[PDB]
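A short worksheet on the structure shown next.
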Amino acid sequence: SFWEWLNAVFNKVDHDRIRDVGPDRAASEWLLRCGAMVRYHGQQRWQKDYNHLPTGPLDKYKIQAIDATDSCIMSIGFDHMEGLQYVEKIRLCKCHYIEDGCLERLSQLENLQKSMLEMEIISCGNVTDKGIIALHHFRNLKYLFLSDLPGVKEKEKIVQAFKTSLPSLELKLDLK
Ligand SMILES: [Mg+2]
Numbered sequence: 000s001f002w003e004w005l006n007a008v009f010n011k012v013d014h015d016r017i018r019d020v021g022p023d024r025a026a027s028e029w030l031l032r033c034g035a036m037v038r039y040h041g042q043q044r045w046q047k048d049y050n051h052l053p054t055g056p057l058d059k060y061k062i063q064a065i066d067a068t069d070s071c072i073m074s075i076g077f078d079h080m081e082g083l084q085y086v087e088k089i090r091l092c093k094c095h096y097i098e099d100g101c102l103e104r105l106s107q108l109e110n111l112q113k114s115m116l117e118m119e120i121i122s123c124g125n126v127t128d129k130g131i132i133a134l135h136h137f138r139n140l141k142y143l144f145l146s147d148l149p150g151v152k153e154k155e156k157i158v159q160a161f162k163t164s165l166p167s168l169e170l171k172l173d174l175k
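Here is the structure:
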C-alpha cells in the first residue's frame with residue numbers, strides 16, 4: 000500500500016546523506032521527519048521543527064537526547080543510530096509502529112550500549128517482554144521507565160531479570 004511505502008521511505012537510511020553531513024545530522028533529519036525530537040549536547044533547547052535544524056558547522060552537533068512521541072519511527076529506521084556516539088537518553092512514547100524487533104536492533108548497537116543512561120517506553124502497544132529484556136545490553140543504563148505496555152505480561156520476571164543483569168538500574172513500572 001501507499002501508506003506502507005510512505006512509512007518505509009520515511010524510515011529508510013540514505014547512506015549518501017550520512018556521508019555528506021554525518022550520522023548525527025542524518026539521524027536528526029530522520030527523527031524530526033518522523034515526528035520525533037532531539038536535543039544536542041551543550042544545548043538546553045530541543046529541535047522540534049525539521050526546517051529549523053542548524054545549518055551549522057559540519058558534524059558539530061551531537062545528539063544527547065531523543066524524544067519520539069507520536070512518531071512513525073520503526074525497524075530499519077533505527078539503522079540511522081549506528082554512527083551516534085553520545086546518545087544518553089531515549090523516550091519512546093505512543094510509537095505505534097515500534098516492535099520488539101526495533102528494540103532488539105537498538106540493543107545491539109555497541110555505540111548505544113556504551114552511552115545509554117536513561118530510557119523510557121510508554122504506550123507502545125506492540126512491545127512485549129521480549130523487547131524489554133533485550134535492553135539488558137544497555138549495560139550502563141541507570142534509569143528505565145515502562146508505562147502502558149499491554150504486551151508486557153510478566154513484569155515481575157522483568158524486575159528479576161534486571162535485578163541480576165543491571166543491579167544498579169532504577170526501574171520504574173507503570174504497568175497493569
Ligand atoms: Mg512528536
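Numbering follows the authors' numbering, with no gaps: position 88 of the sequence shown is 87.
Just so it is clear, CB atoms sit at the ideal spot from N, CA and C, and this is done for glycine as well.
Assigned secondary structure, residue i (DSSP; H/G/I helix, E/B strand, else coil)
i, result
"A25", "helix"
"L30", "helix"
"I72", "coil"
"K59", "coil"
"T163", "helix"
"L102", "helix"
"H51", "helix"
DSSP beta-bridge partners of residue i
i, result
"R38", "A64"
"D173", "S146"
"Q46", "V37"
N-terminal and C-terminal residue of the beta strand (DSSP E) that residue i is part of
i, result
"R90", "88-92"
Span of the alpha helix (DSSP H), counted from its first residue to its last, around residue i
i, result
"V20", "14-20"
"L5", "1-10"
query = Quick one: complete beta strand (DSSP E) runs, 3+ long, within the stretch 105-156?
reply = For the beta strand (DSSP E) assignment, the uninterrupted runs of no fewer than 3 residues enclosed by the stretch 105-156 are, from N- to C-terminal side, 117-121, 142-146.
ask   = Can you list every residue whose CB sits closer than 7 Å to some heavy atom of ligand 1, going in chain order?
value = Cβ-based neighbours of ligand 1 within the cut-off: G34, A35, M36, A67, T68, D69, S70.
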